[PDB]
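Chain by chain, the residues run as shown.
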2 protein chains.
Amino acid sequence: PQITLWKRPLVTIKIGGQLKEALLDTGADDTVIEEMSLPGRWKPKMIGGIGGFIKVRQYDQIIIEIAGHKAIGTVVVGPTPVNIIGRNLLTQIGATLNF
Amino acid sequence: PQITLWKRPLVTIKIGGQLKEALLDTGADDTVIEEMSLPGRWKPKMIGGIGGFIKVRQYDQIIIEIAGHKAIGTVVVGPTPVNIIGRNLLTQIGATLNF
Ligand SMILES: CC(C)CN(C[C@@H](O)[C@H](Cc1ccccc1)NC(=O)O[C@H]1CO[C@H]2OCC(F)(F)[C@H]21)S(=O)(=O)c1ccc(N)cc1
Ligand SMILES: [Cl-]
Ligand SMILES: [Cl-]
Ligand SMILES: [Cl-]
Ligand code: NA
């Protein structure tokens, strides 16, 4: 679709068997999801933000369906105030900024 | 243009006659710029993200050029890790997300 930016660009995603609301975020390098369990190995990481950092768990090779489009990549999980789809998965669904 | 997301969507902006680098950020409601001098009165605002909130100074009706496109609107100043162009000015330059 073509999504204008008058309001937050929120979409439904499916991750880990669960439906969630997430923000399509070109300013995020990484995809960051609120606390949930995911299968497989993980390792700790810190991610930056406007106000400082949060600790997350990094899971690799996770599949997410983003507004009907499947993508695979790294997902980090931790106390984010909003679920964020970042560039590592926006590239895979062919998302671009246009003006 | 059509901007892909394999790298950060950094562009040049011009504010107060000065060129700066800024990130096009669909996950930002607000345009947030690093400490600088702007004209006029400001109003208080809080903006919140990963790692908590920062206190910002809100300046309205500021002239700013973004990747060659003229905008006039609200810019808030505070200790942000990078200059961020948020949806209030992305909508003025006509930007959409497409996939
Ligand atoms: C700051 C930016 C360079 C990086 N961020 C992504 C942003 O899009 C973030 C994404 C974000 C959205 C919502 C809550 C938390 C984070 N938005 C944001 O901080 O916006 C602030 C300015 O406008 C306000 O509107 C949303 C806000 F946050 F409130 C304020 S982020 O969330 O800190 C982030 C940083 C590193 C990774 N890997 C992933 C995400
Ligand atoms: Cl990835
Ligand atoms: Cl591409
Ligand atoms: Cl505005
Ligand atoms: Na894995």
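In terms of determination method and resolution, the entry is listed under X-ray crystallography at 1.31 Å.

The PDB entry lists chain A under the name HIV-1 protease, with Human immunodeficiency virus 1 as the source organism.

Caption draft 1: Structural detail: the nonpolar core. One finds A:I66 and B:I66 to be the most contacted residues of the largest nonpolar core, which totals 47 residues. Apart from the residues lying within four places of it in its own chain, the contact partners of B:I66 are B:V11, B:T12, B:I13, B:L24, B:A71, B:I85, B:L89 and B:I93.

Caption draft 2: Main features of the site of ligand 1. In the vicinity of ligand 1, 25 residues are found, and the nearest of them are A:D25, A:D30, A:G48, A:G49 and B:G48. This site is not confined to one chain, since residues near ligand 1 come from chains A and B. A distance of 2.8 Å separates an oxygen atom of ligand 1 from a polar atom in the side chain of B:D25. Between an oxygen atom of ligand 1 and a main-chain N or O atom of B:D30, the distance comes to 3.4 Å.

Caption draft 3: The layout of surface pockets, seen in detail. Considering only enclosed or pocket space, the largest pocket measures out at about 1000 Å³ in volume. Residue lining of the largest pocket: 39 residues in total, with A:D25, A:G27, A:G49, A:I50 and B:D25 positioned closest to the centre. Partitioning the lining of the largest pocket into residue classes produces 20 nonpolar, eight polar and 11 charged.

Caption draft 4: Layout of the pairing of strand 6 (residues 54-66) of chain A. Residue and element names in this part refer to chain A. Relative to strand 6, strand 2 (residues 10-15) is paired through three bridges, and the arrangement is antiparallel. Across the sheet, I15 pairs through a bridge with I64, a residue of strand 6. In the sheet, strand 5 (residues 43-47) pairs with strand 6 via five bridges, with the strands oriented antiparallel. Across the sheet, the residue bridging to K45 is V56, located in strand 6. Counted along the chain from strand 5 to the antiparallel partner strand 6, the turn is six residues long, and its residue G52 has a positive phi close to 130°. Of the strand pairs in this sheet, strand 6 and strand 7 (residues 69-77) are connected by eight bridges, and their pairing is antiparallel. Opposite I66, over in strand 7, you have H69 as the bridge partner. The turn joining strand 6 and strand 7, which pair antiparallel and follow one another in sequence, is formed by two residues; a positive phi near 45° is taken by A67.

About the criteria used
- Residues numbered from 1 in each chain as written, not as in the entry; some residues may be left out.
- Chains lettered and ligands numbered in written order.
- Heavy atoms only, no water.
- Core = buried A, V, L, I, M, F, W, Y, C linked by side-chain atoms within 4.5 Å.
- Buried < 20%, exposed > 50% of the residue type's maximum accessible area, 1.4 Å probe, protein only.
- Contact = heavy atoms within 4.5 Å.
- Near = heavy atom within 4 Å.
- Polar contact = N/O pair within 3.5 Å; in protein donor to acceptor, adjacent residues only side chain to side chain.
- 1 Å grid on protein atoms, 1.4 Å probe; cavity = no way out; pocket = protein on both sides within 12 Å on 5 of 7 lines; lining within 4 Å.
- Points joined across faces, edges and corners; volume = space filled by probe spheres on them.
- Nonpolar A, V, L, I, M, F, W, Y, C, P; charged D, E, K, R; others polar.
- Pairing = 2+ DSSP bridges.
- Helix = DSSP H or I, 4+ residues; strand = E, 2+ residues; numbered from the N terminus.

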